[PDB]
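Below: one structure, written as C-alpha cells.
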Amino acid sequence: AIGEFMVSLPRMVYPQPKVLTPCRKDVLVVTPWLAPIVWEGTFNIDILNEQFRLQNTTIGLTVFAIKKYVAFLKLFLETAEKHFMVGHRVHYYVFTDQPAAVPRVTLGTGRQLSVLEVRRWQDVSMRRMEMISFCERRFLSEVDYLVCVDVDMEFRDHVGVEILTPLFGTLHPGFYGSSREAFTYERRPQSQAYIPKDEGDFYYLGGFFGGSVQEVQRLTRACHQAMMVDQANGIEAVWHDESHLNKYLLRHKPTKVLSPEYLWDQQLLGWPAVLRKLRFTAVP
C-alpha cells in the first residue's frame with residue numbers, strides 16, 4: 001500500500017546523522033525543487049527497508065524483450081533476483097513476442113513473474129509507452145510502484161527501496177556532467193518533445209524510470225499522446241520516447257532523481273571515482 005496509516009518504527013541502532021557533516025560533498029544530493037538525488041552514502045537502507053516493509057510494499061518491474069532481445073532475459077532476471085528489492089514483494093512483467101523463449105528463472109519467495117505477449121516502426125516506437133499506459137487496470141490492482149527498465153542490462157549491486165517515490169527519473173550516464181545546451185533534447189519546435197536551449201534540469205534516461213502506478217501511467221499516457229501528435233505531424237523525436245520522457249520530466253518534476261549508479265555503461269564510460277557503486281549496467 002501507499003499513503004496508508006503508518007505504524008511506528010521499532011527501536012533501531014545506527015549512526016547519528018550529523019548536521020555539520022554532509023554525506024557526500026562531491027555531488028549534488030538534492031534538486032532545486034527539493035527532490036533527493038540518490039547516491040551511495042546518502043541513505044540508510046535499514047531505515048528505508050523498515051519503512052517500506054511496514055507498508056507491505058509491492059514493486060512491479062516491467063521489461064520488454066522483443067525479437068533477439070529475448071536472449072538478454074536470463075541474465076537480467078537472474079541478477080534482478082540477487083539485487084533488486086530483495087526482501088520486498090516483486091512482480092516482474094515480461095512483455096515479449098516470444099513467450100516460449102522466456103527462460104525459466106528460479107525466484108525467491110514473495111516474487112512472481114508474468115509473461116505478457118505483445119504483437120510498422122511507428123507503432124514499435126510507441127509500444128513501451130502505449131503498453132504501460134493496455135496494462136492500466138492490472139498494475140493498479142497488483143503493485144504499489146512500477147519500475148520500467150531496458151532488458152539488455154544486468155544488476156551488479158543493490159537496487160532497492162531508496163528509489164521508490166511518486167515519480168523518478170535517472171540521470172543519463174553520458175550527460176550528468178554536461179551543461180544543458182549540450183543535452184540531446186529534441187530541438188525542433190515542430191515536435192511535442194521540443195525543449196529550448198535555455199531550459200532543462202537534467203538529461204534523463206528512457207531506460208530506467210518509475211514511480212507510483214498512478215504517476216507512471218500519467219507519464220506514459222502523456223508521452224504516448226505526444227508521440228501520436230508527432231506521428232500525425234510527420235516528425236519523429238531525435239531519441240524517440242526518451243525525448244518525450246525528458247519533456248515530461250521537465251514540466252512535471254520527479255520527486256526523486258537516481259544518480260548514474262543506477263544505469264551505467266562500464267565499457268563506454270569506465271568506473272569514475274564519483275560512482276561508488278555500479279548498480280545496473282549495460283551488457284557489452
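Residue numbers in this text run from 1 along the chain shown.
Header entry for method reads X-ray crystallography, 1.5 Å.
Cβ from N, Cα, C; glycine included.
Per the PDB entry, the features are:
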SEQADV    1-6  expression tag
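What Swiss-Prot records for this protein:
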CARBOHYD  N56  N-linked glycosylation site
BINDING   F64, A65, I66, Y69, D150, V151, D152  UDP-N-acetyl-alpha-D-galactosamine binding site
BINDING   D150, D152  Mn(2+) binding site
ACT_SITE  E242  active site, nucleophile
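Feature annotations (Swiss-Prot) mapped to structure.
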residue: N56; record: N-linked glycosylation site; Cβ contacts under 8 Å, 6 or more apart: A1, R89
residue: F64; record: UDP-N-acetyl-alpha-D-galactosamine binding site; Cβ contacts under 8 Å, 6 or more apart: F95, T96, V118, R127, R128, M131, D150, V151
residue: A65; record: UDP-N-acetyl-alpha-D-galactosamine binding site; Cβ contacts under 8 Å, 6 or more apart: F72, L73, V94, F95, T96, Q98, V102, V151
residue: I66; record: UDP-N-acetyl-alpha-D-galactosamine binding site; Cβ contacts under 8 Å, 6 or more apart: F95, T96, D97, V118
residue: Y69; record: UDP-N-acetyl-alpha-D-galactosamine binding site; Cβ contacts under 8 Å, 6 or more apart: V151, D152
residue: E242; record: active site, nucleophile; Cβ contacts under 8 Å, 6 or more apart: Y204, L205, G206, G207
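Around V151 (UDP-N-acetyl-alpha-D-galactosamine binding site), a 10 Å sphere centred on its CB holds 21 further CB atoms from the protein chains shown. Chain tracing stops at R119 and picks up again at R120, leaving 3 residues unmodelled; the C-alpha atoms of these two are 11 Å apart.
According to DSSP, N56 (N-linked glycosylation site) is assigned to coil rather than to any helix or strand. Apart from the site residues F64, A65, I66, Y69, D150, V151, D152, the chain places the Cβ of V63, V70, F72, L73 no farther than 8 Å from the centroid of the site's Cβ atoms, the recorded UDP-N-acetyl-alpha-D-galactosamine location.
With the fewest other Cβ atoms inside 10 Å of its Cβ, the least crowded of the binding-site residues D150, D152 in this structure is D152.
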